[PDB]
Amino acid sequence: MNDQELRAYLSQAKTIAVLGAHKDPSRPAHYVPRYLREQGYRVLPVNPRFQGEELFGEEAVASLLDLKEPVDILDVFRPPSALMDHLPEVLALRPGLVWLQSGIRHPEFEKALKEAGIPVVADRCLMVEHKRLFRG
């Protein structure tokens, strides 16, 4: 996505589901979502590892299909070796955009999303990118 379009996309978005949301403050899967909530987004934590625990002001759910509202951005922190097993729930939720966090790439997974008509941004830190597009 070019910057102009990616900016229009991020500024209009409201709900960001964080796949692999973490409770430990030092983890990117915790502090990136933290930053996002500050920027006015509704962050929905998803991680079976913390199911039921309140993260980012919301109760974490085990599966994407447990979310009770449309997802504008799916911020993915799960490693490449775990992505294919999530594909079914990802395609089912059909988020407006899939964002693979830093150090996460997966050809087949990415190709499957493209084929389903779902935009993908890969190997980028959403916080960093948000800062660069809306502050300089």
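Start at 1 with the first residue shown and count on from there.
* To do: May I ask you to compare 6-14 and 109-117 by their mean CA B factor in the entry and name the higher one?
  => Comparing 6-14 with 109-117, the higher mean C-alpha B-factor belongs to 109-117.
* **Mean C-alpha temperature factor, higher of 43-51 and 100-108** => Taking the mean C-alpha B-factor of 43-51 and of 100-108, the larger value falls to 100-108.
* For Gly57, return the chain-relative third of its C-alpha B-factor as stated in the PDB record: lowest, middle or highest. => Within its chain, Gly57 is a highest-third residue by C-alpha B-factor, going by the deposited values.
* Asked: Compared with the other modelled residues in the chain, in which third is the CA B-factor of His86?
  -> It belongs to the highest third of the chain when residues are ordered by C-alpha B-factor.
* Asked: Of the three thirds of its chain by CA temperature factor, lowest, middle or highest, which one includes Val32?
  -> Lowest third.
* Based on the entry's values, in what third of the chain does the Cα temperature factor of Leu65 lie: lowest, middle or highest? -> Its C-alpha B-factor, which the entry lists for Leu65, ranks in the highest third among residues of this chain.
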